[PDB]
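Visitor: Okay, here's the structure, questions in a sec.
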Amino acid sequence: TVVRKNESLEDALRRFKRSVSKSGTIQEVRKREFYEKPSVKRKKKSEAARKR
Amino acid sequence: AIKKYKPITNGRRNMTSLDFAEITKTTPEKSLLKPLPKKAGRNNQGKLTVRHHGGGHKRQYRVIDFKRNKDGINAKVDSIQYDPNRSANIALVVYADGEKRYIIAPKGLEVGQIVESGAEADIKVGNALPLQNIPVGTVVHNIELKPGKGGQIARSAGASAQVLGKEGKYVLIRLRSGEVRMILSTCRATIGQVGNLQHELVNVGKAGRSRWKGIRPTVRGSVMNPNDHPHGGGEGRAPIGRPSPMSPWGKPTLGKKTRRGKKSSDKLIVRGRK
Amino acid sequence: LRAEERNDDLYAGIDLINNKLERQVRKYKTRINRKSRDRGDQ
Amino acid sequence: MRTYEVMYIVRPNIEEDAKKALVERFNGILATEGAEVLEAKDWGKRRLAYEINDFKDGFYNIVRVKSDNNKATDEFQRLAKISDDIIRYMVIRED
Amino acid sequence: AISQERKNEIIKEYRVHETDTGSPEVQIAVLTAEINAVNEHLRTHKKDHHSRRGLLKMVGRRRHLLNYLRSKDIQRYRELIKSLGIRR
Amino acid sequence: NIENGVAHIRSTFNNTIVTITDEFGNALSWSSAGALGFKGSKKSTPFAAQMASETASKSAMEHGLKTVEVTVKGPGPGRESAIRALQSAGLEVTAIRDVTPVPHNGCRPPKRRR
Amino acid sequence: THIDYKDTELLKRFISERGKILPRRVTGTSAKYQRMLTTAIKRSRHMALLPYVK
RNA sequence: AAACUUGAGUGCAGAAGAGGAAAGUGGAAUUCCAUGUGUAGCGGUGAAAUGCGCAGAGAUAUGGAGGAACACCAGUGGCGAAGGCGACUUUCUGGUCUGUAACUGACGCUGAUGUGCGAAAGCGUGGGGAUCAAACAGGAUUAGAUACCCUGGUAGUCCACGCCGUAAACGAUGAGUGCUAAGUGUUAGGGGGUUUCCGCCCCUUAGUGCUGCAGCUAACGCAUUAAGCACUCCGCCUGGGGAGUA
Ligand SMILES: [Mg+2]
Ligand SMILES: [Mg+2]
Ligand SMILES: [Mg+2]
Ligand SMILES: [Mg+2]
Ligand SMILES: [Mg+2]
Ligand SMILES: [Mg+2]
């Protein structure tokens with residue numbers, strides 16, 4: 001939702017590519033592509049935390 | 001809401017009645033009653049024109065107003081009463097003006113509750129107000145189909161209809177049937193669902209409770225002779241032997257649509273029955 | 001596709017050769033029927 | 001014996017003595033059944049962060065009540081849903 | 001549970017001498033307040049099962065003190081049954 | 001109506017779709033990857049976004065709405081290649097937003113795919 | 001101390017650049033501060049002092 | 001028959017908590033409907049097709065209805081006896097921990113029979129039905145299908161009340177109390193010591209992990225949260241099938 005002006009379009013993309021990667025959009029909808037079981041995400045979050 | 005009978009008898013066995021806990025006064029109101037003699041399927045010519053009607057229990061007719069006319073005058077509710085002539089209960093409302101009259105009792109309606117039937121009314125259960133002033137989305141009943149004639153639609157027990165949208169001088173509405181219809185905007189409809197919700201769930205359990213209702217027994221067509229019915233007699237039990245099931249008067253009765261087309265309300269029906 | 005039976009009945013032994021032959025073809029085909037792998041290019 | 005802090009929001013498109021008529025029905029409601037209001041502080045217009053009943057601004061209120069009954073503030077919860085002006089409301093006990 | 005001014009009130013009658021809370025009949029009386037308070041809560045809230053073994057545990061800690069109190073003096077046990085209504 | 005609008009793209013895992021509209025959205029023009037002879041599974045390419053973007057933008061022609069301030073509403077491969085190819089039409093992309101529907105854990109998603 | 005839910009300015013340095021919550025991994029607060037914070041950030045979402053998303 | 005205070009329990013003073021139950025409030029998303037604007041596909045896959053759309057689809061914008069869950073915070077974190085518990089607020093209510101020592105004076109532990117809780121899927125009586133989805137229907141794949149994949153879809157999933165009482169109900173480890181190298185994260189306190197301009201350091205209590213001696217084990221491994229050393233009580237085993245079956 002960030003406005004980028006006074007430049008080209010190939011530099012507003014460089015802002016926007018990291019203003020989406022630092023957001024819960026792409027990692028959120030890839031998670032909800034399919035219903036996971038209510039006790040396998042507690043281990044999926046555990047693997048995504050024990051590795052840090 | 002409903003009581004089950006212990007199987008002390010074969011005729012009492014699976015029979016399921018309705019306890020009358022919403023009823024608060026078991027006596028009619030003597031000034032709003034009217035004689036109702038039974039015309040047991042017989043028209044002015046004297047002959048039987050609809051089948052399976054006969055002598056049930058004697059009944060009085062309670063004059064209730066389906067048109068809701070007294071604008072801006074409050075109406076406390078005395079009592080919720082029994083009516084034999086309809087599936088719903090009725091509600092003796094009493095105006096601050098002083099006049100007593102019945103309306104069909106909605107689902108959540110208690111005694112000592114005020115009811116306003118006018119255009120400047122709040123959108124509460126039991127209040128009647130035109131479909132222009134009714135907001136879109138709410139459920140509603142006792143719907144007038146023509147302005148002033150009185151409510152006709154969604155009037156048996158548990159019936160309701162939700163307002164779907166608004167055309168120029170029409171509102172859209174969805175019926176309990178599932179049918180989406182345009183009703184003229186200057187027509188009343190009372191807010192809420194009409195009560196006695198467990199009426200459909202009685203197991204009347206007995207060949208004689210049906211006769212007390214006035215329902216004479218229905219002999220099947222396939223056990224007749226071939227001058228009584230088009231499914232008349234073979235030798236032994238026979239299949240129906242025709243391309244379609246047919247009525248006692250020689251019309252195909254399974255599937256075939258009998259709505260008389262080229263009709264004025266054909267412009268107003270939007271979606272068929274669901 | 002090799003298979004061997006050391007029976008003496010030359011009609012009942014081929015009932016086991018064709019059993020071993022039919023098993024080995026399914027090993028070959030499911031080895032190469034993993035083409036269906038959802039790989040979306042960048 | 002119990003200290004409550006309600007906060008209720010009214011419409012922006014109201015005029016002057018329509019506003020101060022509605023706050024003086026509630027501080028009588030929030031005095032009913034032994035409730036005895038500490039004080040009734042009023043915030044001004046705040047640009048509230050999102051869009052409730054397609055409005056852009058709101059006039060806030062802070063009333064602190066010292067009760068022991070919970071009879072005044074649930075009466076407030078009953079009526080503030082009925083009225084179409086007071087758009088949101090929240091009581092919270094402070095201990 | 002019950003408030004402290006309700007709790008400090010009920011330890012005045014069954015107190016044996018001043019500053020002797022923790023006596024058996026002064027901590028049975030405060031249980032019978034807590035017994036009667038929670039099963040009135042539990043009467044209108046019939047589905048609350050996690051609060052029920054809180055009740056059923058302090059029923060057990062009242063019974064183990066009544067059985068204790070008979071073993072050293074019976075005449076004090078008869079007075080507590082009459083003072084606040086218990087069966088047995 | 002001239003030179004004021006909102007560009008909507010939502011590239012899903014298939015079939016990058018683009019609808020350009022005014023600032024108070026009323027669907028000025030639209031195009032897809034299926035409207036360019038890409039029948040199936042070629043539509044999930046950035047090269048499909050290389051043509052589908054401007055063929056709605058340049059074939060708008062009703063008001064000369066020549067600014068866009070694009071809006072992204074889909075996880076797809078041709079996501080940033082549809083705004084890169086929008087300056088091939090050259091319509092002064094000035095405000096890029098990733099307005100995608102993200103639930104607050106609201107509904108049950110469908111089954112896992114074996 | 002205790003976070004009051006009206007004190008927006010100290011409470012909105014903890015909200016994200018879209019309206020999310022920063023974890024205490026990236027902010028650096030303690031354990032009981034973070035969950036005393038999160039019951040105040042979510043009463044302030046309810047009374048429109050802070051958004052849910054921007 | 002007396003006396004004692006550590007065990008056990010109550011006081012007093014502090015805390016922490018998705019512990020339950022009931023009633024309210026709220027936002028994003030999904031689906032359906034109504035409308036505006038607008039034009040050929042949308043959808044889906046390893047590739048397609050069934051399906052949907054010119055009776056205006058999808059896409060876009062506003063508004064509505066309804067059901068279900070509660071993104072971020074969120075963590076080898078918290079709480080509960082276990083099952084389990086995750087928006088927010090209020091009421092009602094249970095337990096644990098820390099500290100002080102005022103008080104009671106063994107009041108304790110275990111617990112057959114018994115009596116109550118007990119995931120899901122089920123069953124009953126009604127509700128409600130948004131997504132999802134057994135059965136079922138159709139299209140593809142394959143060598144072949146009733147599988148996998150795709151479109152659609154009923155019971156169910158959800159609520160209320162009664163049931164059912166079973167799970168790899170698992171830490172595959174009963175409960176209680178002592179005792180026996182240390183090192184290290186973290187949660188809830190307490191007392192210190194500097195002082196910090198709220199941040200550390202050391203000691204101690206109760207949780208929760210990861211390493212690792214002694215000792216133990218058949219070996220893996222366990223190791224102050226024992227599977228070490230002891231004592232009490234309870235459940236249970238004594239070859240594999242037949243069988244948790246007559
Ligand atoms: Mg008949
Ligand atoms: Mg019968
Ligand atoms: Mg018959
Ligand atoms: Mg005959
Ligand atoms: Mg004939
Ligand atoms: Mg015949």
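Naming works like this for the structure tokens: A, B, ... for the chains as they're shown, residue 1 at the start of each chain, ligands 1 onward in shown order.
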Compute the set of chain F residues within 12 Å of chain A, using only C-alpha atoms, and express it as a ChimeraX atom specification.
Guide: /F:12-13,69-77,79-88,90-114
Visitor: Near segment 29-37 of chain B, within 7 Å and counting only C-alpha atoms (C1' of nucleotides), which residues show up once chain neighbours fewer than 3 positions away are dropped, as a list in words?
Guide: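 Listing them by chain and then by number gives residues 59, 60, 61, 62 and 63 of chain B.
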Visitor: Neighbours of ligand 2 within 8 Å, counting only C-alpha atoms (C1' of nucleotides) and all ligand atoms, as a ChimeraX atom specification?
Guide: /B:10-15,204-206
Visitor: Would you mind listing the residues within 6 Å of ligand 4, counting only C-alpha atoms (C1' of nucleotides) and all ligand atoms, as a list in words?
Guide: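 The distance check yields residues 223, 224 and 225 of chain B.
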Visitor: Please produce an output containing N, CA and C atoms for each residue in the selection, written as an mmCIF file, in the first residue's frame.
Guide:
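Final output, part-v1.cif:
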data_model
loop_
_atom_site.group_PDB
_atom_site.id
_atom_site.type_symbol
_atom_site.label_atom_id
_atom_site.label_comp_id
_atom_site.auth_asym_id
_atom_site.auth_seq_id
_atom_site.Cartn_x
_atom_site.Cartn_y
_atom_site.Cartn_z
ATOM 1 N N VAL B 223 -57.503 -49.473 -6.526
ATOM 2 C CA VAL B 223 -58.377 -50.482 -5.945
ATOM 3 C C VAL B 223 -59.818 -50.152 -6.306
ATOM 4 N N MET B 224 -60.009 -49.579 -7.485
ATOM 5 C CA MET B 224 -61.317 -49.241 -8.011
ATOM 6 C C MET B 224 -61.589 -50.045 -9.275
ATOM 7 N N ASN B 225 -62.784 -49.893 -9.795
ATOM 8 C CA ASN B 225 -63.213 -50.473 -11.053
ATOM 9 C C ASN B 225 -62.870 -49.522 -12.187
#
Visitor: Could you list the protein, DNA and RNA residues that have any atom within 12 Å of ligand 3, counting only C-alpha atoms (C1' of nucleotides) and all ligand atoms, and write them as a short mmCIF file (atom, residue, chain, number, x, y, z; two decimals) with N, CA, C and O atoms, in the first residue's frame?
Guide:
data_model
loop_
_atom_site.label_atom_id
_atom_site.label_comp_id
_atom_site.auth_asym_id
_atom_site.auth_seq_id
_atom_site.Cartn_x
_atom_site.Cartn_y
_atom_site.Cartn_z
N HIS B 52 -62.74 -35.89 0.39
CA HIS B 52 -62.07 -36.23 1.65
C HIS B 52 -62.33 -35.20 2.75
O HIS B 52 -61.48 -34.99 3.62
N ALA B 207 -56.17 -43.36 13.28
CA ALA B 207 -57.15 -43.14 12.22
C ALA B 207 -58.30 -42.26 12.65
O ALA B 207 -59.04 -41.77 11.79
N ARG B 216 -61.97 -37.11 5.78
CA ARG B 216 -62.54 -38.41 5.49
C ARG B 216 -61.54 -39.27 4.73
O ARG B 216 -60.68 -38.74 4.02
N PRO B 217 -61.61 -40.60 4.86
CA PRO B 217 -60.54 -41.45 4.35
C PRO B 217 -60.46 -41.55 2.83
O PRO B 217 -61.47 -41.56 2.13
N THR B 218 -59.23 -41.65 2.33
CA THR B 218 -58.94 -41.62 0.90
C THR B 218 -58.69 -43.02 0.35
O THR B 218 -57.65 -43.63 0.60
N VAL B 219 -59.64 -43.51 -0.42
CA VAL B 219 -59.47 -44.77 -1.12
C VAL B 219 -58.62 -44.54 -2.36
O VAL B 219 -58.76 -43.54 -3.06
N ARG B 220 -57.66 -45.44 -2.58
CA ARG B 220 -56.72 -45.34 -3.69
C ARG B 220 -57.41 -45.60 -5.02
O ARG B 220 -58.45 -46.24 -5.09
N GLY B 221 -56.80 -45.09 -6.08
CA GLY B 221 -57.37 -45.28 -7.39
C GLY B 221 -57.19 -46.68 -7.94
O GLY B 221 -58.05 -47.16 -8.68
N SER B 222 -56.11 -47.35 -7.58
CA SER B 222 -55.79 -48.67 -8.09
C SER B 222 -56.63 -49.78 -7.47
O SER B 222 -56.48 -50.94 -7.88
N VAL B 223 -57.50 -49.47 -6.53
CA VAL B 223 -58.38 -50.48 -5.95
C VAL B 223 -59.82 -50.15 -6.31
O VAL B 223 -60.74 -50.41 -5.54
N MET B 224 -60.01 -49.58 -7.48
CA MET B 224 -61.32 -49.24 -8.01
C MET B 224 -61.59 -50.04 -9.28
O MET B 224 -60.74 -50.79 -9.76
#
Visitor: Determine, counting only C-alpha atoms (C1' of nucleotides), which protein, DNA and RNA residues have an atom within 9 Å of an atom of residue 180 of chain H; residues of the same chain fewer than 6 positions away are not included. Present the result as a list in words.
Guide: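 Selected residues are residues 214, 224, 228 and 229 of chain H.
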Visitor: Restricted to C-alpha atoms (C1' of nucleotides), what would the selected residues look like written as a PDB file, in the first residue's frame?
Guide:
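To be explicit, this is the file written out as part31.pdb:
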ATOM      1  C1'   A H 214      27.827 -41.870  39.070  1.00  0.00           C
ATOM      2  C1'   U H 224      17.190 -34.158  40.393  1.00  0.00           C
ATOM      3  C1'   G H 228      19.570 -44.371  39.709  1.00  0.00           C
ATOM      4  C1'   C H 229      19.138 -45.684  45.187  1.00  0.00           C
TER       5        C H 229
END
Visitor: Please provide the set of residues having any atom within 12 Å of residue 23 of chain G, restricted to only C-alpha atoms (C1' of nucleotides), with same-chain residues fewer than 6 positions apart removed, written as a count of residues only.
Guide: 15
Visitor: Which residue is closest to ligand 1? Choose from B:141, B:230, B:210, B:7 and count only C-alpha atoms and all ligand atoms.
Guide: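 Nearest candidate to ligand 1 out of B:141, B:230, B:210, B:7: B:210.
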Visitor: Among segment 5-80 of chain E, which residues carry a DSSP assignment of alpha helix (DSSP H), reported as a PyMOL selection string?
Guide: chain E and resi 5-13+29-44+52-72+74-80
Visitor: Expressed in Å to a single decimal, how great is the separation between atom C1' of residue 92 of chain H and atom CA of residue 38 of chain E?
Guide: 9.2 Å
